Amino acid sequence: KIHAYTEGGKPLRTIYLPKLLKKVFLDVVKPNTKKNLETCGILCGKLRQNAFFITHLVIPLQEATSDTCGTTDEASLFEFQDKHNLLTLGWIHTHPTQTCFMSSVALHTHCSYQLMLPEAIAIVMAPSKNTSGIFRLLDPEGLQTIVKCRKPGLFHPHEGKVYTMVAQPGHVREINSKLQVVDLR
């Protein structure tokens, strides 16, 4: 039915995302959005038959401003995932006031995830704008740009096109399946 490919011609296995996830993530983190604070989550799941299914939304121990968010204890994130045999399939964070786009920070974070898993996706929610997006870096050219990048500075620019929206429903298909939310905060 569906074969998705990167810019470099490598095949991408399908990721099945619960349609409820986006909505549910906004629900659980709504208090921070109120206080104009970003929140991040991890999309976790399993590989069955050359396709990935997102089964858990994990909210890690974190810190945030209206501009940023970041994990503060990846050790217990690891232990949880290791204990329950859960793959890191991507991640999600909010833009309480902003438009829907991948920031410099997000691109640097996601680059590493996508190198470790070419299908890895970054979801960004913009509640205030009532828009959301599912993104990934161009592969190989965007990954290359961010890998070589050594600019200090949280909101610095990059030159050239670096990321793109994931094509749905080819790479990511939103379905009608279960979801556990694990809040580690």
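Numbers for residues come from their place in the sequence shown, where the first is 1.
Practice item. Using only the Cα atoms and their B-factors as the entry lists them, report which of 51 to 59 and 28 to 36 averages higher. Key: Mean C-alpha B-factor is greater for 28 to 36.
Practice item. Return whichever of 13 to 21 and 167 to 175 has the greater mean Cα B factor according to the PDB record. Key: Taking the mean B-factor of the alpha carbons in each, 167 to 175 is higher.
Exercise for review: Could you check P127, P118, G142, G70 and tell me which one carries the biggest Cα B-factor in the deposited entry?
Suggested key: Most elevated C-alpha B-factor of the set, per the entry: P127.
Practice item. Within this chain's modelled residues, let me know which third the CA B factor of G41 belongs to: lowest, middle or highest. Key: Tercile = lowest for this residue's CA B-factor.
Point to revise | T94 - Cα temperature factor, lowest/middle/highest third of chain | key: It falls in the middle third of the chain.
Practice item. Rank-wise, by C-alpha B-factor, drop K148 into the lowest, middle or highest third of its chain. Key: For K148, whose C-alpha B-factor we compare with every modelled residue in the chain, the answer is the middle third.
Check your understanding: Against its chain's modelled residues, does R136's Cα B factor rank lowest, middle or highest third?
Key -> Ranked within chain, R136 CA B lands in the lowest tercile.
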